[PDB]
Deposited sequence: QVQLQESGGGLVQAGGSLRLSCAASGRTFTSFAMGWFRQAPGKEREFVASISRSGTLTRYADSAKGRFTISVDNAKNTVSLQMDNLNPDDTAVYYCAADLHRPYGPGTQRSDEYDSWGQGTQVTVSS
C-alpha cells in the first residue's frame, strides 16, 4: 500500500515536492489530460541507482529516506507542460535494481496528486 502526498499549484520556474510511503524499486509516473501516462523517475531500494525521463533530467531529484521508508520527488524549474496527475508506484519484481520506465512493471500504485504549474 502506497500513501502519496504533496503536489499542488505553483508558478512557472518554481518547485514542488511529492512524497510516497509504503523491498522494491519505486517509480513516479504522470498523466496530463488527453496524453499517455509518462515515466518521470525511479529509484532502487538502496537509493544508489536512479533513473530520469528526458524531461526530468537536470531538474527533478528522486530520493529515499531509508529510515522512514519513504521516497520523494523534488521538482525544480517547473513549467506549464509539467501539469499532470503524478503517481508513485512500486515494483516488487525489482528488490535491488532501479525501476524501469514501463508502467506495466509496477503492481502497486499511489492514489495520485494533482500538480499544476501556472
What gaps appear when the modelled C-alpha atoms are mapped onto the deposited sequence?
-> 1-2, 25-30, 127
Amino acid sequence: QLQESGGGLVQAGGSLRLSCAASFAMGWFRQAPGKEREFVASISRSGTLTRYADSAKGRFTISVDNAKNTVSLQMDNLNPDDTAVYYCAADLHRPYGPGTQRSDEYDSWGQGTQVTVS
From here on, numbers count along this sequence of modelled residues.
Per the entry, higher mean C-alpha B factor between 80-88 and 40-48 | 40-48
Stretch with higher mean Cα temperature factor, 13-21 vs 102-110, is 102-110
Which one of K35, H93, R30, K68 shows the biggest C-alpha B-factor in the PDB entry?
-> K68
Based on the entry's values, in what third of the chain does the Cα temperature factor of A53 lie: lowest, middle or highest?
-> middle
In terms of the CA temperature factor given in the entry, to which third of its chain does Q1 belong: lowest, middle or highest?
-> highest
